[PDB]
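K.L.:
Take a look at this one; I'll ask things after.
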Amino acid sequence: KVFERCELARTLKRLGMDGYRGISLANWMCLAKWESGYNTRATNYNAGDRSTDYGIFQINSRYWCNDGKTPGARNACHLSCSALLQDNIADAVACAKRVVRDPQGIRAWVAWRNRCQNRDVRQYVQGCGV
């Protein structure tokens, strides 16, 4: 599923993401925007280390979910990477929250650093009723 902007903002808010570990909803929106264009089916293979990024947040298989084919990988979210490709984003959100419970927080995603960090991200949530 490819979410429309405001639809996703309310969906994330309902799932408890607004201010989760100090991260505003606009930051999560900016992250989902740049990682997948709000696409839950998005996948990116990383030929360099044999891992794959899954779903709306493009969560990596080497550390967060199990896909069985990533060498020396762990499953910190304790989910099949398949759960990160559902139209329903509850599991992907549960995993994203797990990622940010680590020291780096939102900085875990390099796309956030490049396209969201220190930027005016208000535009992602304007008019959405969040």
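Ordering of the structure tokens sets the chain letters (A, B, ...), residue numbers begin anew at 1 in every chain, and ligands are numbered from 1 in the order given.
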Near residue 48 (chain A), counting only C-alpha atoms, which residues have an atom at most 12 Å away, once you skip same-chain residues fewer than 3 positions from it, shown as a count of residues only?
P.N.:
6
K.L.:
Show which residues sit within 7 Å of region 29-41 of chain A, as a tab-separated table (two decimals) with C-alpha atoms, in the first residue's frame. Count only C-alpha atoms, and ignore same-chain residues fewer than 3 positions away.
P.N.:
chain	number	residue	atom	x	y	z
A	1	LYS	CA	0.00	0.00	0.00
A	2	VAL	CA	1.18	3.53	-0.84
A	3	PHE	CA	-0.20	5.84	1.88
A	9	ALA	CA	0.21	10.88	9.72
A	25	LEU	CA	5.33	12.78	14.12
A	26	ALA	CA	6.77	15.14	11.49
A	55	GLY	CA	8.72	-1.74	4.04
A	56	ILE	CA	7.69	1.83	4.71
A	57	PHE	CA	10.66	2.50	7.00
A	58	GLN	CA	13.10	0.38	4.98
A	85	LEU	CA	5.57	-5.69	4.00
A	86	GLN	CA	1.94	-5.62	5.23
A	87	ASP	CA	-0.56	-2.90	4.32
A	111	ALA	CA	18.26	9.03	5.17
A	112	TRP	CA	16.86	10.85	8.24
A	116	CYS	CA	15.31	15.42	7.88
A	121	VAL	CA	9.78	19.30	8.65
A	124	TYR	CA	4.91	16.83	6.46
K.L.:
Please build the interface table for region 8-30 of chain A against region 88-109 of chain A with a cut-off of 10 Å, listing for each qualifying residue the nearest atom pair and the distance in Å to one decimal; count only C-alpha atoms, order rows by chain and increasing number, and write it as CSV.
P.N.:
residue,atom,partner,partner_atom,distance
A:8,CA,A:89,CA,9.6
A:11,CA,A:89,CA,8.4
A:12,CA,A:93,CA,7.7
A:14,CA,A:90,CA,9.9
A:15,CA,A:90,CA,6.9
A:16,CA,A:93,CA,8.8
A:17,CA,A:93,CA,7.8
A:20,CA,A:97,CA,7.3
A:21,CA,A:100,CA,7.2
A:22,CA,A:105,CA,9.0
A:23,CA,A:106,CA,7.3
A:27,CA,A:106,CA,8.4
A:28,CA,A:106,CA,8.4
K.L.:
Based on the selection just made, write N, CA and C atoms of those residues as a short mmCIF file (atom, residue, chain, number, x, y, z; two decimals), in the first residue's frame.
P.N.:
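Below you can see selection.cif, which holds the result:
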data_model
loop_
_atom_site.label_atom_id
_atom_site.label_comp_id
_atom_site.auth_asym_id
_atom_site.auth_seq_id
_atom_site.Cartn_x
_atom_site.Cartn_y
_atom_site.Cartn_z
N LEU A 8 -1.35 8.72 6.39
CA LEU A 8 -0.28 8.09 7.14
C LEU A 8 -0.01 8.79 8.48
N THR A 11 -2.51 7.69 10.91
CA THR A 11 -2.28 6.28 11.19
C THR A 11 -1.13 6.11 12.18
N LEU A 12 -0.04 6.84 11.97
CA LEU A 12 1.11 6.76 12.88
C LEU A 12 0.75 7.33 14.25
N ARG A 14 -2.18 7.39 15.72
CA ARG A 14 -3.05 6.42 16.38
C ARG A 14 -2.24 5.25 16.95
N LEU A 15 -1.10 4.95 16.31
CA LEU A 15 -0.22 3.86 16.74
C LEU A 15 0.81 4.28 17.80
N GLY A 16 0.66 5.50 18.33
CA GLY A 16 1.53 5.98 19.39
C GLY A 16 2.92 6.48 19.04
N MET A 17 3.10 6.92 17.80
CA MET A 17 4.39 7.42 17.33
C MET A 17 4.69 8.89 17.62
N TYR A 20 7.26 9.55 20.35
CA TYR A 20 7.82 8.29 20.87
C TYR A 20 9.32 8.52 21.05
N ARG A 21 9.81 8.36 22.29
CA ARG A 21 11.22 8.60 22.63
C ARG A 21 11.68 9.98 22.13
N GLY A 22 10.81 10.96 22.29
CA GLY A 22 11.11 12.32 21.88
C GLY A 22 11.05 12.64 20.42
N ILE A 23 10.63 11.68 19.59
CA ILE A 23 10.55 11.92 18.15
C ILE A 23 9.16 12.35 17.68
N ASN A 27 8.88 14.08 12.12
CA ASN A 27 10.16 13.41 11.86
C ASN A 27 9.91 12.02 11.29
N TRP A 28 8.94 11.30 11.85
CA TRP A 28 8.63 9.97 11.34
C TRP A 28 8.10 10.07 9.92
#
K.L.:
Closest to residue 13 (chain A) among A:80, A:123, A:53, A:129, using only C-alpha atoms?
P.N.:
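Comparing A:80, A:123, A:53, A:129 against residue 13 (chain A), the winner is A:129.
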K.L.:
Take CA of residue 79 (chain A) and CA of residue 65 (chain A) and report the distance between them in Å, one decimal.
P.N.:
5.2 Å
K.L.:
Compile the contact shell of residue 74 (chain A) as a PDB file with N, CA, C and O atoms, in the first residue's frame: residues with an atom at most 10 Å away, counting only C-alpha atoms, same-chain residues fewer than 2 positions apart removed.
P.N.:
ATOM      1  N   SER A  61      17.530  -6.075   7.276  1.00  0.00           N
ATOM      2  CA  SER A  61      17.506  -7.482   7.714  1.00  0.00           C
ATOM      3  C   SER A  61      18.684  -8.020   8.529  1.00  0.00           C
ATOM      4  O   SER A  61      18.582  -9.083   9.162  1.00  0.00           O
ATOM      5  N   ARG A  62      19.819  -7.324   8.479  1.00  0.00           N
ATOM      6  CA  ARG A  62      21.012  -7.751   9.210  1.00  0.00           C
ATOM      7  C   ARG A  62      20.847  -7.665  10.713  1.00  0.00           C
ATOM      8  O   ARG A  62      21.418  -8.473  11.457  1.00  0.00           O
ATOM      9  N   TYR A  63      19.996  -6.744  11.154  1.00  0.00           N
ATOM     10  CA  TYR A  63      19.796  -6.534  12.578  1.00  0.00           C
ATOM     11  C   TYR A  63      18.368  -6.581  13.119  1.00  0.00           C
ATOM     12  O   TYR A  63      18.162  -7.006  14.246  1.00  0.00           O
ATOM     13  N   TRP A  64      17.384  -6.188  12.317  1.00  0.00           N
ATOM     14  CA  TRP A  64      16.020  -6.067  12.827  1.00  0.00           C
ATOM     15  C   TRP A  64      14.939  -7.107  12.562  1.00  0.00           C
ATOM     16  O   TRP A  64      14.035  -7.275  13.377  1.00  0.00           O
ATOM     17  N   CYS A  65      14.972  -7.755  11.411  1.00  0.00           N
ATOM     18  CA  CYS A  65      13.961  -8.767  11.127  1.00  0.00           C
ATOM     19  C   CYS A  65      14.662  -9.935  10.477  1.00  0.00           C
ATOM     20  O   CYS A  65      15.785  -9.795   9.991  1.00  0.00           O
ATOM     21  N   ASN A  66      14.012 -11.091  10.498  1.00  0.00           N
ATOM     22  CA  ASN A  66      14.577 -12.289   9.908  1.00  0.00           C
ATOM     23  C   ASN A  66      13.982 -12.602   8.558  1.00  0.00           C
ATOM     24  O   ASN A  66      12.751 -12.658   8.412  1.00  0.00           O
ATOM     25  N   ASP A  67      14.860 -12.797   7.573  1.00  0.00           N
ATOM     26  CA  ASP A  67      14.441 -13.174   6.231  1.00  0.00           C
ATOM     27  C   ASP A  67      15.141 -14.473   5.826  1.00  0.00           C
ATOM     28  O   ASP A  67      15.011 -14.946   4.704  1.00  0.00           O
ATOM     29  N   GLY A  68      15.879 -15.038   6.779  1.00  0.00           N
ATOM     30  CA  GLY A  68      16.594 -16.287   6.571  1.00  0.00           C
ATOM     31  C   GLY A  68      17.768 -16.315   5.603  1.00  0.00           C
ATOM     32  O   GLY A  68      18.609 -17.214   5.687  1.00  0.00           O
ATOM     33  N   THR A  70      20.032 -13.574   5.107  1.00  0.00           N
ATOM     34  CA  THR A  70      21.067 -12.571   5.381  1.00  0.00           C
ATOM     35  C   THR A  70      22.122 -13.212   6.285  1.00  0.00           C
ATOM     36  O   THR A  70      21.821 -13.664   7.387  1.00  0.00           O
ATOM     37  N   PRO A  71      23.366 -13.318   5.788  1.00  0.00           N
ATOM     38  CA  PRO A  71      24.503 -13.912   6.504  1.00  0.00           C
ATOM     39  C   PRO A  71      24.768 -13.196   7.819  1.00  0.00           C
ATOM     40  O   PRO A  71      24.659 -11.983   7.877  1.00  0.00           O
ATOM     41  N   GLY A  72      25.072 -13.945   8.874  1.00  0.00           N
ATOM     42  CA  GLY A  72      25.358 -13.340  10.171  1.00  0.00           C
ATOM     43  C   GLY A  72      24.390 -12.279  10.685  1.00  0.00           C
ATOM     44  O   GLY A  72      24.793 -11.348  11.400  1.00  0.00           O
ATOM     45  N   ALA A  76      16.373  -8.393  15.998  1.00  0.00           N
ATOM     46  CA  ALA A  76      16.041  -7.636  17.205  1.00  0.00           C
ATOM     47  C   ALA A  76      14.557  -7.297  17.369  1.00  0.00           C
ATOM     48  O   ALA A  76      14.108  -7.108  18.496  1.00  0.00           O
ATOM     49  N   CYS A  77      13.798  -7.182  16.277  1.00  0.00           N
ATOM     50  CA  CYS A  77      12.361  -6.892  16.412  1.00  0.00           C
ATOM     51  C   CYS A  77      11.561  -8.176  16.594  1.00  0.00           C
ATOM     52  O   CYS A  77      10.348  -8.146  16.893  1.00  0.00           O
ATOM     53  N   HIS A  78      12.254  -9.300  16.419  1.00  0.00           N
ATOM     54  CA  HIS A  78      11.661 -10.625  16.539  1.00  0.00           C
ATOM     55  C   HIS A  78      10.408 -10.738  15.677  1.00  0.00           C
ATOM     56  O   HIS A  78       9.317 -11.067  16.138  1.00  0.00           O
TER      57      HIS A  78
END
K.L.:
Just the number, please: distance in Å from CA of residue 46 (chain A) to CA of residue 60 (chain A), one decimal.
P.N.:
9.4 Å
